[PDB]
Amino acid sequence: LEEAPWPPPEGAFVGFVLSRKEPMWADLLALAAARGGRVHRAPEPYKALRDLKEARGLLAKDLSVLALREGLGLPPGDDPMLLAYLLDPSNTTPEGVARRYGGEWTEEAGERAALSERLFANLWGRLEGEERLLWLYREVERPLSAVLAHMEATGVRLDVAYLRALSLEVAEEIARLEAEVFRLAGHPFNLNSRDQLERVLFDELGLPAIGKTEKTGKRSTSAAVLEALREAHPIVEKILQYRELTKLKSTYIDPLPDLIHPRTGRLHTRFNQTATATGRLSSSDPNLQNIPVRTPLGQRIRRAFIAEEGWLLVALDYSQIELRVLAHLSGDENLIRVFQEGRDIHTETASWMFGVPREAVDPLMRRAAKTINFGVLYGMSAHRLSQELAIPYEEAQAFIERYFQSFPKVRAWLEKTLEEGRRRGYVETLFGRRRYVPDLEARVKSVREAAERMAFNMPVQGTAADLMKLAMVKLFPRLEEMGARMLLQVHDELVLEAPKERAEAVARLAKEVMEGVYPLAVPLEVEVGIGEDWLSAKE
DNA sequence: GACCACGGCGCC
DNA sequence: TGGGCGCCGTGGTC
Ligand SMILES: [Mg+2]
């Protein structure tokens with residue numbers, strides 16, 4: 001490991017240290033590069049950043065993000081993490097990827113660059129004759145790492161003053177519920193403490209314990225348990241309400257405003273690219289993929305997300321991408337005609353299980369077909385089906401068998417995936433992204449059947465992901481050539497920011513690029529809204 | 001202060 | 001016996 005003075009040969013492997021994991025908040029403590037068997041250690045890291053053509057190494061996207069806040073372009077290129085992730089998506093961290101493919105992840109820039117070259121070598125050849133996963137790395141993941149670096153650096157604009165006024169409203173509503181419940185308890189206790197609540201609910205008050213917690217076996221105070229004791233006591237509704245408010249206060253309203261960045265006046269997530277078993281992205285520090293939208297107070301928080309002045313937000317949402325993906329994968333003639341005909345899946349699905357004349361008089365069957373249609377994706381069981389309808393474990397089974405008479409190639413796809421899973425030891429997406437699921441042949445049924453749900457969701461969830469990522473790759477350069485921005489992805493939706501004048505012209509472009517990303521035996525449909533805020537934009 | 005397991009819950 | 005995530009407070013350890 002011979003030490004050459006800094007200016008490194010072109011195309012070298014970078015190795016960097018940050019004071020903290022978040023590139024947008026980090027100081028560049030150290031910089032290195034490696035090519036052949038030579039270590040080029042930068043004396044002045046931020047200065048040294050100017051000399052690179054592209055970032056190439058573990059966490060390439062991170063360095064490209066920090067470079068971007070500093071004004072420097074610098075895209076990300078090869079990343080052994082991206083390759084390892086495609087071999088086996090349980091490869092999430094460089095600690096692990098190193099300590100599996102022949103290195104040690106250290107807290108030193110040069111050894112991080114020495115690790116990069118070494119890890120990349122040992123992995124790119126480990127991808128010999130994986131045409132499919134090489135296509136995924138070239139035409140999806142490497143390019144996307146750039147797109148994500150641009151998104152992460154842009155950030156999304158937030159109305160702080162608005163959030164701070166909320167905090168004061170919600171604070172006060174919390175205070176009333178708090179003092180209600182205590183009066184009902186006949187004493188005050190910490191309502192954030194589920195231990196203390198447990199005692200209050202089940203010992204002190206006389207209430208029935210419905211279920212128990214997994215690891216420790218305490219009486220559960222979850223929503224599903226409290227929603228089931230709604231009738232039994234007026235303290236329960238209050239507790240439910242107090243959880244709603246404190247969850248949203250503690251998770252979103254209170255902390256988000258403090259994470260505005262001095263240089264931008266914007267919020268910056270991290271989009272982790274090698275963090276999940278299916279090939280979805282996750283979002284982090286903070287997570288903007290779980291900003292609320294169901295509840296009223298929830299919907300008020302979402303208004304806080306706004307466009308720069310003079311711009312608008314464009315929100316684009318795929319419409320049942322996962323069902324459509326299933327239809328494509330299963331090849332169920334019946335099911336794909338429901339999307340080709342431009343019909344309302346759950347309407348038609350109800351009108352096929354029961355087989356009601358045409359489409360007529362189905363208010364409680366709409367719920368019934370909707371529920372099954374996502375419950376085939378997660379492996380929803382009869383009991384669970386029986387619990388969500390008010391109907392018993394018996395009629396619910398027949399719903400399941402009926403649905404498979406409606407859709408016989410779904411079942412055959414299901415079973416085929418399971419068997420090839422056991423055979424090859426993994427399952428895979430339409431683009432050949434794989435997830436190894438070795439418990440498919442476990443001797444304990446609970447764990448086997450748990451494995452099976454994991455196993456047959458992955459091809460659909462990962463294909464929806466694959467489809468979204470490829471769209472992001474395709475769409476982005478069209479947005480840049482239009483001075484539009486790409487702000488967030490939320491699994492099957494995209495939030496873009498565009499200038500008021502061109503906003504409709506961006507919407508149209510974005511929508512069409514997404515409906516046409518990779519055409520299937522069904523069509524992809526996309527809803528689009530425009531607005532000053534995320535809520536308004538009509539997600 | 002930094003971190004941990006847990007139960008809980010927001011989103012797709 | 002519902003897939004995939006990340007973050008909250010509590011209660012507790014160094
Ligand atoms: Mg949506």
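Lettering of chains follows the sequences in order, A, B, ..., and the numbering in each one begins at 1. Hydrogens, waters and symmetry mates are skipped; everything else that's a heavy atom, side chains included, is used.
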**Q** Based on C1'-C2'-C3'-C4', put the sugar of C/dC8 on the north side (positive) or the south side (negative).
**A**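 With a positive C1'-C2'-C3'-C4' torsion, C/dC8 is north.
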**Q** Does C/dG6 have its sugar in the north or the south range once you look at the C1'-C2'-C3'-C4' torsion?
**A**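 South pucker for C/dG6.
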**Q** Not counting sequence neighbours, which residues clear ring pair (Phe, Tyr, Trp, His ring centres under 6.0 Å) with A/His150? List them please.
**A**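 So A/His150 forms a ring pair (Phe, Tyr, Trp, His ring centres under 6.0 Å) with A/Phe476.
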**Q** So, does A/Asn192 get its side chain near the phosphate of C/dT10, meaning an N or O under 4.0 Å from OP1 or OP2?
**A**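 The answer is yes; a side-chain N or O of A/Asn192 sits under 4.0 Å from OP1 or OP2.
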**Q** Do A/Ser319 and A/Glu525 meet the criterion of a side-chain donor-acceptor pair at a distance under 3.5 Å?
**A**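 Judged by distance alone, the side chains do not pair up.
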**Q** Of the nucleotides C/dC7, C/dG3, C/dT10, which has the atom closest to the A/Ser193 side chain?
**A**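 Among C/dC7, C/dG3, C/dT10, the one nearest the side chain of A/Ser193 is C/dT10.
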**Q** Does A/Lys247 contact C/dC8 through a side-chain donor or acceptor facing the base, at a distance under 3.5 Å?
**A**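 Answer is no: no donor-acceptor pair is held.
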**Q** Any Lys/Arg nitrogen of A/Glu497 or A/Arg485 sitting under 4.0 Å from an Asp/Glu carboxylate oxygen of the other?
**A**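 Answer for the salt bridge query: yes.
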**Q** If you count heavy atoms of other groups shown closer than 6.0 angstrom to CD of A/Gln196, is the number above 12?
**A**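 Counting other residues, nucleotides and ligands, CD of A/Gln196 exceeds 12 neighbours.
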**Q** According to a strict under-4.0 Å criterion, is A/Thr246 in side-chain N/O contact with OP1 or OP2 of C/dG9?
**A**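 Checking C/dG9 against A/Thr246, no side-chain N or O comes under 4.0 Å of OP1 or OP2.
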**Q** Would one find a side-chain N or O of A/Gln196 under 4.0 angstrom from OP1 or OP2 of C/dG11?
**A**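 Answer yes for this pair, as a side-chain N or O of A/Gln196 is under 4.0 Å from OP1 or OP2.
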**Q** Between atom NZ in A/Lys21 and atom P in C/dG6, what is the gap in whole Å?
**A**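 Roughly 11 Å, once rounded to whole Å.
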**Q** Please check the phosphate of C/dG3 (OP1 and OP2 only) for any side-chain N or O of A/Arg453 closer than 4.0 Å.
**A**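 Result: yes.
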**Q** Strictly under 3.5 Å: I want the nitrogen or oxygen pairs between protein and nucleotides 3-7 of chain B, one per line.
**A**
{"residue": "B/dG7", "atom": "OP1", "partner": "A/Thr213", "partner atom": "OG1", "Å": "3.0"}
{"residue": "B/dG7", "atom": "OP1", "partner": "A/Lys215", "partner atom": "N", "Å": "3.3"}
{"residue": "B/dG7", "atom": "OP1", "partner": "A/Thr216", "partner atom": "N", "Å": "2.7"}
{"residue": "B/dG7", "atom": "OP1", "partner": "A/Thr216", "partner atom": "OG1", "Å": "2.6"}
{"residue": "B/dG7", "atom": "OP2", "partner": "A/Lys215", "partner atom": "N", "Å": "3.3"}
{"residue": "B/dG7", "atom": "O3'", "partner": "A/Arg194", "partner atom": "NE", "Å": "3.2"}

**Q** Salt bridge or not between A/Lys538 and A/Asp533? Use side-chain N to carboxylate O under 4.0 Å.
**A**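 Salt bridge between A/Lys538 and A/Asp533, a charged N being under 4.0 Å from a carboxylate O: no.
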**Q** Within this structure, what is the CG-to-P distance between A/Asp317 and B/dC11, rounded to whole angstrom?
**A**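 Answer to the nearest Å: 14 Å.
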**Q** For A/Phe305, enumerate each residue passing the ring pair (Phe, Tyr, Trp, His ring centres under 6.0 Å) test, keeping only those at least two apart in sequence or located in another chain.
**A**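 Testing A/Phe305 for ring pair (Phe, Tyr, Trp, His ring centres under 6.0 Å), a comparison that skips the adjacent residues, returns A/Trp534.
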**Q** Tell me whether the side-chain N/O atoms of A/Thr276 come closer than 4.0 Å to OP1 or OP2 in C/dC5.
**A**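 The answer is yes; a side-chain N or O of A/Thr276 sits under 4.0 Å from OP1 or OP2.
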